[PDB]
Every structure is written in structure tokens, then in C-alpha cells.
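**Student:** Sharing a structure with you now.
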Amino acid sequence: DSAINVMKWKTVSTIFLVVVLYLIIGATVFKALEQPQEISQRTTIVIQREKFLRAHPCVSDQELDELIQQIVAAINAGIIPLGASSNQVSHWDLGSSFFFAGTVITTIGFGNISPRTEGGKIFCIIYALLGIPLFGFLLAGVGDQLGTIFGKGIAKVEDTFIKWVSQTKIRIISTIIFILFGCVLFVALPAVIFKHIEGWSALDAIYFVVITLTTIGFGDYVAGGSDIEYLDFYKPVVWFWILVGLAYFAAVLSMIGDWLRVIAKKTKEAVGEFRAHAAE
Amino acid sequence: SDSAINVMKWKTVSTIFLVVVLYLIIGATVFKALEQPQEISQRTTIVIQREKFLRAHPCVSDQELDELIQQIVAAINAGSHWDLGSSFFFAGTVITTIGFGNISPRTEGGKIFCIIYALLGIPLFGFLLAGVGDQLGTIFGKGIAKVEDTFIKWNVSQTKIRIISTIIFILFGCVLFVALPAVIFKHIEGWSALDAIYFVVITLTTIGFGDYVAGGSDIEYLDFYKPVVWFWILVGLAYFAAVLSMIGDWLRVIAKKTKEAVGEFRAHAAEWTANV
Ligand SMILES: CS(=O)(=O)Nc1ccc(C(=O)NCc2ccc(Cl)cc2Cl)cc1
Ligand SMILES: CS(=O)(=O)Nc1ccc(C(=O)NCc2ccc(Cl)cc2Cl)cc1
Ligand SMILES: CCCCCCCCCCCCCCCC
Ligand SMILES: CCCCCCCCCCCCCCCC
Ligand SMILES: CCCCCCCCCCCCCCCC
Ligand SMILES: CCCCCCCCCCCC
Ligand SMILES: CCCCCCCCCCCC
Ligand SMILES: CCCCCCCCCCCC
Ligand SMILES: CCCCCCCCCCCC
Ligand SMILES: CCCCCCCCCCC
Ligand SMILES: CCCCCCCCCCC
Ligand SMILES: CCCCCCCCCCC
Ligand SMILES: CCCCCCCCCC
Ligand SMILES: CCCCCCCC
Ligand SMILES: CCCCCCCC
Ligand SMILES: CCCCC
Ligand SMILES: CCCCC
Ligand SMILES: CCCCC
Ligand SMILES: [K+]
Ligand SMILES: [K+]
Ligand SMILES: [K+]
Ligand SMILES: [K+]
Ligand SMILES: [K+]
């Protein structure tokens, strides 16, 4: 029993170090990419500050930094503190609390909207702990249904491509068609609709798709997030997209996992060779 | 018959789908019931503070306030955020799919790298998290070998003691991975006791709203704090993975028990109505 456990802990620990190292590379590449724009916006926000620090000296000026604290603290709930727009829609209306519930059970958790009430928080804890598992079943069923829809599709395509054919190499043609068609239906096509309806850039759309469907859900972009107009054919279609798109990414991510298993065997055995053939 | 099983399958999906739709509807109404009020009371008392800042400082005209707020909304779309350690944290938020979003890429390259980083990193982390799950799982397996010996040579024996074991998992698990860290968070972050547990749950379920983030404020943090929080995430995620999974099983059970209870209720209105 302990013989396999010693072999297991050895594997976990190496993957752990790989993960630590993956984070370090990651970290350096993100700071390489973002630290600059952050500094150029931090210098040009101090420029804008001084233009109204000294352009109104009759303001206490310790209370300006405190004013902004009260705006940024209050923006998190979601305020539109203007006199040319003192009338305002609700964040917790019939539909947005529905959306919010969606963000909890799917663990996307955008967080543009999140509970402020101690009761809302306590309900959210309970709602999540029951809802996440519940949704998991739905998402599984959605995965199966969609899986068998594609099974009927590959029965028709693995017959017509039976020319003068291997068992294990037509598997490679199938997984390409899964990724190809899948990226159209669940990534490309919806990003295009998002690009048009939200006014996002082409990158922002795909970025949103991926961040949402991987359940990362930063919440920097949220489809349905602004007050624009919205056809109301729109948002329901986006629910359905989430439902099926999450199922799709579940598989895709899972495939990527398998590819890593493979690449990890191939590299484990390559290093053994490379060590043994020190001559080279 | 191949379509015969598929009609039975789609029947199952569709009922769970309706249960989910209905779970969302109840949810929706309970959240709006809870939050629509605080929203109104903060919308009245933010308009009060708005007008209260024109009168208590007449130096500021009404036209320059609207422009100030434009520059503050511009600056929420930035905020160092991206130092050595916070970009490390950020990477953590991507691969774990917690995704707080207090920090997120603004550069078109940062976004493209994030897409790639995620698609490779999420699966990679999943392996780590699995290993962490196993190790922790067998640590508790040795723990229950010692506790299912000392209690199993005396009072009421097998088939109900499985229920006592799962309570010990939940009891001790909630101490180690929820209570104890919430207490540390309460003290170190200055959050309320509820806010701490709220954070724990929102983070460890990988929902990660990002309303609260441990390490998120500009406080003197002991060098030992943040790394301990990494370790907590690693093990706490593994813990919730199991817990959530258990809850799933309980639902499976409760769903059979309710499916057959409806079958009973039906079957007695049957042979009670045949009685004419
Ligand atoms: C900023 S707001 O909260 O005040 N306004 C709203 C914002 C979004 C939505 C909505 O339904 N979007 C589609 C959707 C559905 C379910 C899930 Cl899980 C994710 C997504 Cl993107 C509705 C209102
Ligand atoms: C605006 S900021 O970027 O400067 N604030 C920060 C916030 C948090 C951390 C950090 O390391 N927290 C521990 C931690 C680790 C990994 C994961 Cl996944 C989640 C968590 Cl909560 C660093 C900076
Ligand atoms: C207009 C560009 C759209 C590109 C869509 C991104 C693809 C995300 C899915 C991951 C699998 C991609 C296969 C590439 C093999 C290296
Ligand atoms: C109009 C500008 C559109 C820019 C589209 C570029 C997106 C490229 C996505 C890269 C996906 C790489 C997949 C790697 C899988 C491991
Ligand atoms: C964003 C790209 C990051 C790429 C990840 C780094 C590659 C690390 C390779 C680790 C090699 C360890 C070999 C051990 C074999 C037993
Ligand atoms: C047969 C599988 C259903 C696929 C239907 C396409 C859904 C795309 C929704 C895009 C909306 C933004
Ligand atoms: C384009 C980036 C490719 C990164 C390849 C990841 C390989 C991980 C190997 C894990 C070894 C155990
Ligand atoms: C630090 C040592 C670097 C070793 C480089 C090996 C890269 C593995 C690629 C595997 C493709 C088959
Ligand atoms: C939110 C909980 C409501 C309970 C719904 C019961 C569903 C009845 C279907 C039973 C299967 C025959
Ligand atoms: C404008 C509010 C949008 C809510 C749509 C609810 C319908 C859910 C059905 C899922 C296909
Ligand atoms: C447009 C930004 C792309 C960054 C490329 C980083 C690739 C790193 C590979 C390290 C082996
Ligand atoms: C500080 C009070 C927090 C209470 C949390 C209640 C959780 C009950 C779990 C039900 C699944
Ligand atoms: C808190 C009670 C949740 C009830 C779920 C029951 C599932 C019913 C499936 C028929
Ligand atoms: C046999 C399954 C019924 C499918 C209904 C339409 C969705 C593909
Ligand atoms: C073995 C229990 C570890 C708990 C760590 C708590 C740190 C916040
Ligand atoms: C304090 C209100 C509790 C709602 C569950
Ligand atoms: C998280 C429970 C889902 C079961 C497939
Ligand atoms: C219909 C517009 C296509 C954008 C690539
Ligand atoms: K978030
Ligand atoms: K999130
Ligand atoms: K998640
Ligand atoms: K998950
Ligand atoms: K998330």
C-alpha cells in the first residue's frame, strides 16, 4: 500500500514544482506586459489630479482624497452619482438577480454585482454550496447530450472517409473536427455577435468568451453588463450559450489535460535518453 | 432500440434543467428581496453626499463635479498592481479559475497571453489539485482507520457509523479549512467574522467575486502571511472539491428518495380512488 503512495507523493511534488515554476514565468510575463501601462496611467492620473488640486484651493484638499474614497467605495455596489443622470436602473431587479444566481452556481462569478447585505452573503454561501453541485449535474447532462449529437455526426463522417484507413489515426481527424466546429459555434460566432451587440473589440470578445467559459470570470467584461438597449432575444440566447459553451470548454480543457499527460510521458522518457547518451 | 435510451436520457436532462431553472428563480427572488433595499438606501444616501459636497464646499461648481467623476471612472479601469508578487497572485487567479479580477489585464498582449496561460494552466493546475486531493484523502484514510477501530468494538455497529465518519470529515474539515483561516483573516484583514467566512466560501468554491481578497488591501503583511494563504488555497480547494462532490451525492440520494415518495403518493391516491 505504501509502495504506490511513495511513488504518488513523488509525482505530486514534481507537478507542484512545475506549477510553482509555471506561476513564476507567468508572473514575469504579465508584469512585463502590464507594469508599463500601469505606470504611464499612474503618472498621467497624478497630472490630472494636480490640475484640480491647485485649480480649486478652497477645497480642503485632504478631503479630495477622501471624496474619491467615498466614490470608489460606493462604485463597487454600482453607482451613477451624476446630476445629468440622477434617475437610475436597478442592479438587483428581476433579471439581474437571476444573472447573479447564474454567476454563483456556474462559479463564473463575474462580481460586477455581489451581495452587500449580511443576509445576501449568508444566502449566497448556502445558495452556492447547494447550487454548484446541482448545476454540475445539469452541465453533465448537457455534456452528454451534446456528446451524442457529435457521436451521430462522426458516424456519418467516419463512413464516407473510409478509403483505401486506420482505427487509431481517424481518431486524430475526429478531434480536429471537434475543435474546428466547436471553436466556430462556441467561440467565434458568439464573439462576433458580442462584438456587434456590446461594441467590444474582436479581441475583447474572444477574451470575454474564454474568461467566461473557463469559469475564471474576472468580470472586466460582462455580456448584458451595460444599459444599452438589448433585444431580449439576446440575453436568453447568452444563457443557452453559457450552458452549452461551458460543456464545450469542459471537454476542451479536459483534452488539453490529456495532451499534457502525453507530452509529460514523452518528455519524461526523452530526459532519460538525454541523460544516458551524455556523449551526444 | 438506440433512440429508446436517448429519449430516456433527454427526459433526465430536461427535468434537471427545469430544477436548475427553478433553482435560479427562487434564488433570483431571494437575492432581490435581500439586496434591492440596500441598493435604494445607498442610492438615496449617495445623492445626499453628492449635493452635500456642493454646499459644504461652494468653491466647486456643479459642472466640474461631473468631470471629476468621469476621471475617477476612467481610473477604476486601472486602479503597484503588477509588481513581482501581484502578477504571481494574478497567475494564481487564472489557473485556479477563482479569478477575483481586482487585477486583470488591460494590454491586448496581456489578454492574449491570459487566454493562452489559462488554457494550458487550468488543466496543469488540475493535476496538482488532484494530487493534493489524493494525498489529503489518504491522510484522512489513516485518520479514520484509527477512529473506526476505537468506536467499532462496542456500541451500535455498521452501516450507521459511515454517517458519523462523514460528520467528522465535515466537522474537522470546516475547522481546518474554513473556521481557522477565517479567524486569521478576520484579524489580519480587519474583515468581519461573516465577511471572512463569506470570503473563504466564495474563494474556495472558485466563484471568486473579488469583493474581498486576502492580501488585497495596502496593509503591512507579515512575510509569512501570503504564502500561508497560497498553501490554504491549494489544500482548501481540494477540500471543497470533495465537499461539493459529497453534496452532489446527497442530491442524487434525495432525488431518488423524492422520486419514489411521489411514486408512493401517486400509488395511494390510486387505490384510494378505486375505492368507490
Ligand atoms: C451589470 S447588471 O447585473 O446590472 N446587468 C445584467 C448583466 C448581465 C445579464 C445576463 O443575463 N447576461 C447573460 C449571462 C447569463 C448568465 C450567466 Cl452565468 C452569465 C451571463 Cl454573461 C443580465 C443583467
Ligand atoms: C491589488 S494587488 O494585486 O496588489 N493585491 C493582491 C492580492 C492578493 C495577493 C496574494 O498573493 N493573495 C493570496 C492568494 C494567493 C493566490 C490566490 Cl489564487 C489567491 C489569493 Cl487570495 C497579492 C496582491
Ligand atoms: C479569429 C481567431 C479565433 C481563434 C479562436 C481561439 C481558439 C481557442 C480554442 C483552443 C484550441 C485551439 C487549437 C489550436 C492548436 C494549436
Ligand atoms: C482583430 C484582432 C483579432 C485577434 C485574434 C488573435 C487571437 C489569437 C488566440 C491565440 C490562441 C492560441 C491557442 C493555443 C492553444 C494552446
Ligand atoms: C507560459 C509558458 C510556460 C512553460 C512551462 C515551463 C516548462 C517547464 C519544463 C519543466 C521540465 C521539468 C523536467 C523534469 C523531467 C523529469
Ligand atoms: C446543436 C447544438 C446547439 C448549437 C446552437 C448554437 C448556439 C450559439 C449561441 C450563440 C449566441 C451568442
Ligand atoms: C506554447 C507553450 C507550451 C508550454 C508546454 C508545457 C509543457 C509542460 C510539460 C510538463 C512536464 C512534467
Ligand atoms: C531546463 C531544461 C529544458 C529541457 C527542454 C525540453 C523541452 C521539452 C519539449 C518536449 C517536446 C517533445
Ligand atoms: C427547489 C426545490 C423544489 C422541489 C422540486 C420537486 C421536483 C419534483 C419532481 C420529482 C420527480 C418525479
Ligand atoms: C431580460 C432578462 C433575461 C432573462 C432570460 C430568462 C430565460 C432563461 C431561459 C434559458 C434558456
Ligand atoms: C503577444 C505576446 C506573446 C508572448 C509569448 C510568450 C511565449 C513564452 C514561451 C516560453 C517557452
Ligand atoms: C457567522 C454565521 C455564518 C452561518 C453560515 C451558515 C452555513 C450553513 C451551511 C448549510 C449548507
Ligand atoms: C434544498 C432542496 C434541494 C432539492 C433538490 C431535489 C431534486 C429533485 C429531483 C427530482
Ligand atoms: C432524442 C432527443 C430529443 C432532442 C430534442 C432537440 C434537441 C437536439
Ligand atoms: C493544517 C491547517 C492549515 C490551515 C492554514 C490556515 C491559514 C490561513
Ligand atoms: C439575516 C437574514 C438571514 C436570511 C437567510
Ligand atoms: C459537483 C457535482 C457534479 C456531479 C457530476
Ligand atoms: C459580419 C462581420 C464579420 C466580422 C469578421
Ligand atoms: K470576479
Ligand atoms: K470569478
Ligand atoms: K470557477
Ligand atoms: K471548476
Ligand atoms: K470564478
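Identifiers in this document derive from the order of the C-alpha cells: chains are assigned A, B, ..., residues are numbered from 1 separately in each chain, and ligands are numbered from 1 in order of occurrence.
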Mind checking which residues fall within 10 Å of residue B:88, counting only C-alpha atoms, ignoring those fewer than 3 positions away in the same chain, and posting them as number ranges by chain?
**Tutor:** A: 20, 22-31; B: 82-85, 91-93
**Student:** Using only C-alpha atoms and all ligand atoms, find each residue in chain B having at least one atom no more than 12 Å away from ligand 10; report its shortest atom-to-atom pair and that distance in Å (one decimal), rows by chain then rising number, as a tab-separated table.
**Tutor:**
residue	atom	partner	partner_atom_place_in_ligand_line	distance
B:14	CA	ligand 10	11 (C)	11.6
B:17	CA	ligand 10	10 (C)	9.2
B:18	CA	ligand 10	10 (C)	9.6
B:20	CA	ligand 10	10 (C)	9.9
B:21	CA	ligand 10	8 (C)	7.1
B:22	CA	ligand 10	8 (C)	10.0
B:23	CA	ligand 10	8 (C)	11.7
B:24	CA	ligand 10	8 (C)	9.2
B:25	CA	ligand 10	6 (C)	9.2
B:28	CA	ligand 10	4 (C)	10.7
**Student:** Quick one: write out the picked residues with N, CA, C and O atoms as an mmCIF file, in the first residue's frame?
**Tutor:**
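Saved to out.cif:
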data_model
loop_
_atom_site.group_PDB
_atom_site.id
_atom_site.type_symbol
_atom_site.label_atom_id
_atom_site.label_comp_id
_atom_site.auth_asym_id
_atom_site.auth_seq_id
_atom_site.Cartn_x
_atom_site.Cartn_y
_atom_site.Cartn_z
ATOM 1 N N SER B 14 -33.683 17.244 -19.135
ATOM 2 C CA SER B 14 -34.759 18.227 -19.143
ATOM 3 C C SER B 14 -35.375 18.474 -17.769
ATOM 4 O O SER B 14 -35.710 19.607 -17.458
ATOM 5 N N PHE B 17 -32.738 20.256 -15.821
ATOM 6 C CA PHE B 17 -32.744 21.608 -16.395
ATOM 7 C C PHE B 17 -33.820 22.479 -15.783
ATOM 8 O O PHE B 17 -33.548 23.624 -15.443
ATOM 9 N N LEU B 18 -35.029 21.933 -15.642
ATOM 10 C CA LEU B 18 -36.151 22.660 -15.032
ATOM 11 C C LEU B 18 -35.903 22.886 -13.574
ATOM 12 O O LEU B 18 -36.162 23.975 -13.086
ATOM 13 N N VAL B 20 -32.985 23.273 -12.301
ATOM 14 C CA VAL B 20 -31.996 24.349 -12.315
ATOM 15 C C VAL B 20 -32.661 25.690 -12.604
ATOM 16 O O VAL B 20 -32.403 26.667 -11.906
ATOM 17 N N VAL B 21 -33.539 25.734 -13.601
ATOM 18 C CA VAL B 21 -34.261 26.979 -13.927
ATOM 19 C C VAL B 21 -35.038 27.466 -12.725
ATOM 20 O O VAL B 21 -35.088 28.645 -12.451
ATOM 21 N N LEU B 22 -35.644 26.532 -12.016
ATOM 22 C CA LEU B 22 -36.453 26.850 -10.855
ATOM 23 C C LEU B 22 -35.583 27.248 -9.670
ATOM 24 O O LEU B 22 -35.955 28.151 -8.919
ATOM 25 N N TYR B 23 -34.428 26.591 -9.520
ATOM 26 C CA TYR B 23 -33.412 26.958 -8.506
ATOM 27 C C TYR B 23 -32.911 28.399 -8.691
ATOM 28 O O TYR B 23 -32.669 29.113 -7.709
ATOM 29 N N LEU B 24 -32.749 28.805 -9.950
ATOM 30 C CA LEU B 24 -32.346 30.161 -10.275
ATOM 31 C C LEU B 24 -33.447 31.160 -9.937
ATOM 32 O O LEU B 24 -33.144 32.241 -9.433
ATOM 33 N N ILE B 25 -34.709 30.800 -10.208
ATOM 34 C CA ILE B 25 -35.874 31.694 -9.973
ATOM 35 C C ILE B 25 -36.108 31.973 -8.490
ATOM 36 O O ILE B 25 -36.380 33.115 -8.095
ATOM 37 N N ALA B 28 -33.124 34.067 -7.522
ATOM 38 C CA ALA B 28 -33.286 35.431 -8.013
ATOM 39 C C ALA B 28 -34.146 36.235 -7.050
ATOM 40 O O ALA B 28 -33.708 37.261 -6.520
#
**Student:** With only C-alpha atoms considered, list every residue of chain A at most 6 Å from chain B, as a compact mmCIF listing (two decimals) with C-alpha atoms, in the first residue's frame.
**Tutor:**
# COMPACT_ATOMS: atom_id res chain seq x y z
CA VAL A 12 2.52 15.32 -6.85
CA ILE A 15 3.89 18.68 -10.59
CA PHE A 16 3.78 21.08 -7.62
CA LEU A 23 3.38 30.71 -11.98
CA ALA A 27 4.14 36.36 -13.22
CA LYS A 31 4.38 42.27 -15.16
CA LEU A 33 3.18 43.34 -20.19
CA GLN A 35 3.62 47.20 -15.29
CA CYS A 58 -10.72 76.43 -1.45
CA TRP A 92 -30.82 43.81 -8.28
CA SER A 97 -30.52 38.83 -9.57
CA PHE A 98 -31.27 35.90 -11.93
CA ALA A 101 -27.58 33.46 -9.35
CA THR A 107 -18.74 29.59 -10.49
CA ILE A 108 -18.05 32.16 -13.20
CA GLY A 109 -18.59 34.76 -10.52
CA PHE A 110 -18.04 37.97 -12.56
CA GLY A 111 -18.66 40.00 -9.39
CA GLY A 120 -27.44 38.21 0.98
CA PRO A 133 -23.40 20.63 -7.27
CA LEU A 138 -27.20 19.80 -15.48
CA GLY A 141 -26.31 16.08 -18.93
CA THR A 215 -15.21 29.97 -15.36
CA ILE A 216 -12.37 32.34 -14.50
CA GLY A 217 -14.86 35.22 -14.81
CA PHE A 218 -12.71 38.27 -13.94
CA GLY A 257 -5.11 17.90 -19.87
**Student:** Can you list, as a PyMOL selection string, all residues belonging to stretch 185-253 of chain A that DSSP tags as alpha helix (DSSP H)?
**Tutor:** chain A and resi 189-198+202-213+234-253
**Student:** Taking only C-alpha atoms and all ligand atoms into account, which residues are within 8 Å of ligand 6, as a ChimeraX atom specification?
**Tutor:** /A:146,149,185-186,189-191,193-194,234,237-238,240-241,244
**Student:** Sorted by chain and rising residue number, which residues of chain A lie within 12 Å of ligand 13, and what are their closest atom pairs and distances in Å to one decimal, counting only C-alpha atoms and all ligand atoms, as a tab-separated table?
**Tutor:**
residue	atom	partner	partner_atom_place_in_ligand_line	distance
A:126	CA	ligand 13	1 (C)	9.4
A:127	CA	ligand 13	1 (C)	9.1
A:128	CA	ligand 13	1 (C)	11.4
A:129	CA	ligand 13	1 (C)	10.2
A:130	CA	ligand 13	1 (C)	7.0
A:131	CA	ligand 13	3 (C)	8.7
A:132	CA	ligand 13	3 (C)	11.8
A:133	CA	ligand 13	5 (C)	10.4
A:134	CA	ligand 13	5 (C)	7.8
A:135	CA	ligand 13	5 (C)	11.0
A:137	CA	ligand 13	7 (C)	10.6
A:138	CA	ligand 13	9 (C)	11.3
**Student:** Choose the residue, out of A:249, A:203, A:143, A:118, that has the smallest atom-to-atom separation from ligand 12; count only C-alpha atoms and all ligand atoms.
**Tutor:**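 For ligand 12, the nearest of the given residues is A:118.
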**Student:** For stretch 164-172 of chain B, please output as a list in words all residues within 10 Å (counting only C-alpha atoms; exclusion window: fewer than 2 positions along the same chain).
**Tutor:**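 With the cut-off at 10 Å, the set is residues 140, 144, 147, 148, 159, 160, 161, 162, 174, 175, 176, 177, 178, 179, 239, 243 and 246 of chain B.
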**Student:** Restrict the selected residues to N, CA, C and O atoms and save them as an mmCIF file, in the first residue's frame.
**Tutor:**
data_model
loop_
_atom_site.group_PDB
_atom_site.id
_atom_site.type_symbol
_atom_site.label_atom_id
_atom_site.label_comp_id
_atom_site.auth_asym_id
_atom_site.auth_seq_id
_atom_site.Cartn_x
_atom_site.Cartn_y
_atom_site.Cartn_z
ATOM 1 N N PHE B 140 -6.448 11.422 5.671
ATOM 2 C CA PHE B 140 -7.693 11.230 6.411
ATOM 3 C C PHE B 140 -8.127 9.757 6.447
ATOM 4 O O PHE B 140 -8.819 9.341 7.373
ATOM 5 N N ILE B 144 -9.186 7.833 9.782
ATOM 6 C CA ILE B 144 -10.415 7.030 10.000
ATOM 7 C C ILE B 144 -10.161 5.548 10.286
ATOM 8 O O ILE B 144 -11.033 4.884 10.827
ATOM 9 N N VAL B 147 -9.993 5.792 14.061
ATOM 10 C CA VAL B 147 -11.279 6.174 14.665
ATOM 11 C C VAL B 147 -12.385 5.134 14.376
ATOM 12 O O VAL B 147 -13.307 4.998 15.170
ATOM 13 N N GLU B 148 -12.294 4.392 13.268
ATOM 14 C CA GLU B 148 -13.217 3.266 13.002
ATOM 15 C C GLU B 148 -12.750 1.921 13.611
ATOM 16 O O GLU B 148 -13.295 0.866 13.272
ATOM 17 N N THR B 159 -23.001 0.313 9.178
ATOM 18 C CA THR B 159 -23.978 0.937 8.238
ATOM 19 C C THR B 159 -24.520 2.316 8.680
ATOM 20 O O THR B 159 -24.902 3.113 7.820
ATOM 21 N N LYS B 160 -24.539 2.614 9.986
ATOM 22 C CA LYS B 160 -24.805 3.966 10.522
ATOM 23 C C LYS B 160 -23.533 4.722 10.952
ATOM 24 O O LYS B 160 -23.601 5.914 11.220
ATOM 25 N N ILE B 161 -22.411 4.017 11.100
ATOM 26 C CA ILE B 161 -21.137 4.620 11.504
ATOM 27 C C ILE B 161 -20.473 5.327 10.313
ATOM 28 O O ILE B 161 -19.658 6.235 10.505
ATOM 29 N N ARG B 162 -20.833 4.934 9.090
ATOM 30 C CA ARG B 162 -20.456 5.690 7.886
ATOM 31 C C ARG B 162 -20.922 7.161 7.974
ATOM 32 O O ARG B 162 -20.207 8.089 7.576
ATOM 33 N N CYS B 174 -14.187 21.764 8.221
ATOM 34 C CA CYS B 174 -14.630 23.156 8.427
ATOM 35 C C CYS B 174 -13.800 23.935 9.432
ATOM 36 O O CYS B 174 -13.793 25.153 9.393
ATOM 37 N N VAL B 175 -13.149 23.245 10.359
ATOM 38 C CA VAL B 175 -12.247 23.885 11.311
ATOM 39 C C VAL B 175 -10.971 24.284 10.574
ATOM 40 O O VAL B 175 -10.584 25.457 10.560
ATOM 41 N N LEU B 176 -10.337 23.296 9.952
ATOM 42 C CA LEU B 176 -9.012 23.472 9.357
ATOM 43 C C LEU B 176 -9.018 24.405 8.142
ATOM 44 O O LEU B 176 -8.093 25.204 7.967
ATOM 45 N N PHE B 177 -10.059 24.292 7.317
ATOM 46 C CA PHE B 177 -10.111 24.970 6.018
ATOM 47 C C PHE B 177 -11.071 26.149 5.917
ATOM 48 O O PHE B 177 -10.996 26.909 4.949
ATOM 49 N N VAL B 178 -11.942 26.323 6.912
ATOM 50 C CA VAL B 178 -12.907 27.429 6.920
ATOM 51 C C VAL B 178 -12.781 28.305 8.177
ATOM 52 O O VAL B 178 -12.453 29.484 8.082
ATOM 53 N N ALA B 179 -13.010 27.711 9.344
ATOM 54 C CA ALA B 179 -13.007 28.428 10.625
ATOM 55 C C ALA B 179 -11.666 29.050 10.925
ATOM 56 O O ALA B 179 -11.559 30.264 10.980
ATOM 57 N N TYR B 239 -10.177 20.460 -0.571
ATOM 58 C CA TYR B 239 -11.217 20.153 0.410
ATOM 59 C C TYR B 239 -12.630 20.430 -0.135
ATOM 60 O O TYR B 239 -13.496 19.563 -0.094
ATOM 61 N N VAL B 243 -16.049 18.181 -0.730
ATOM 62 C CA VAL B 243 -17.278 18.607 -0.077
ATOM 63 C C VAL B 243 -18.371 18.846 -1.098
ATOM 64 O O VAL B 243 -19.449 18.287 -0.980
ATOM 65 N N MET B 246 -19.469 15.615 -2.419
ATOM 66 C CA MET B 246 -20.369 14.954 -1.459
ATOM 67 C C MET B 246 -21.778 15.501 -1.565
ATOM 68 O O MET B 246 -22.736 14.732 -1.660
#
**Student:** Using only C-alpha atoms, which residues sit within 10 Å of residue A:161 once same-chain residues fewer than 4 positions away are excluded, as a ChimeraX atom specification?
**Tutor:** /A:156-157,165,170,173
**Student:** Can you write just those residues out, C-alpha atoms, as a CSV table (one decimal), in the first residue's frame?
**Tutor:**
chain,number,residue,atom,x,y,z
A,156,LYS,CA,-21.6,9.8,-40.9
A,157,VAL,CA,-18.1,11.3,-41.3
A,165,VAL,CA,-7.9,3.7,-43.2
A,170,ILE,CA,-9.0,8.5,-37.8
A,173,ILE,CA,-9.3,13.6,-37.8
**Student:** Residues of chain B that have any atom at most 6 Å from an atom of ligand 15: could you tabulate them with the shortest-distance atom pair and the distance in Å to one decimal, using only C-alpha atoms and all ligand atoms, ordered by chain and increasing number, as a Markdown table?
**Tutor:**
| residue | atom | partner | partner_atom_place_in_ligand_line | distance |
| --- | --- | --- | --- | --- |
| B:176 | CA | ligand 15 | 2 (C) | 4.8 |
| B:177 | CA | ligand 15 | 4 (C) | 5.8 |
| B:181 | CA | ligand 15 | 8 (C) | 3.8 |
| B:184 | CA | ligand 15 | 8 (C) | 5.8 |
| B:228 | CA | ligand 15 | 7 (C) | 5.4 |
| B:229 | CA | ligand 15 | 8 (C) | 5.3 |
| B:232 | CA | ligand 15 | 5 (C) | 5.1 |
**Student:** Output the selection as an mmCIF file, in the first residue's frame - N, CA and C atoms for each residue.
**Tutor:**
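Final output, saved to part04.cif:
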data_model
loop_
_atom_site.group_PDB
_atom_site.id
_atom_site.type_symbol
_atom_site.label_atom_id
_atom_site.label_comp_id
_atom_site.auth_asym_id
_atom_site.auth_seq_id
_atom_site.Cartn_x
_atom_site.Cartn_y
_atom_site.Cartn_z
ATOM 1 N N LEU B 176 -10.337 23.296 9.952
ATOM 2 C CA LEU B 176 -9.012 23.472 9.357
ATOM 3 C C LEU B 176 -9.018 24.405 8.142
ATOM 4 N N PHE B 177 -10.059 24.292 7.317
ATOM 5 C CA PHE B 177 -10.111 24.970 6.018
ATOM 6 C C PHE B 177 -11.071 26.149 5.917
ATOM 7 N N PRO B 181 -8.906 29.554 9.208
ATOM 8 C CA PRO B 181 -8.403 30.609 8.329
ATOM 9 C C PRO B 181 -9.249 31.871 8.344
ATOM 10 N N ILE B 184 -7.983 33.917 11.227
ATOM 11 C CA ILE B 184 -6.744 34.601 10.851
ATOM 12 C C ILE B 184 -7.045 35.800 9.930
ATOM 13 N N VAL B 228 1.326 31.432 3.305
ATOM 14 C CA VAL B 228 0.382 30.556 4.005
ATOM 15 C C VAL B 228 -0.993 30.548 3.308
ATOM 16 N N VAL B 229 -1.419 31.691 2.769
ATOM 17 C CA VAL B 229 -2.698 31.777 2.041
ATOM 18 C C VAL B 229 -2.655 30.980 0.720
ATOM 19 N N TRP B 232 -3.106 27.474 1.798
ATOM 20 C CA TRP B 232 -4.510 27.318 2.175
ATOM 21 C C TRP B 232 -5.390 27.118 0.946
#
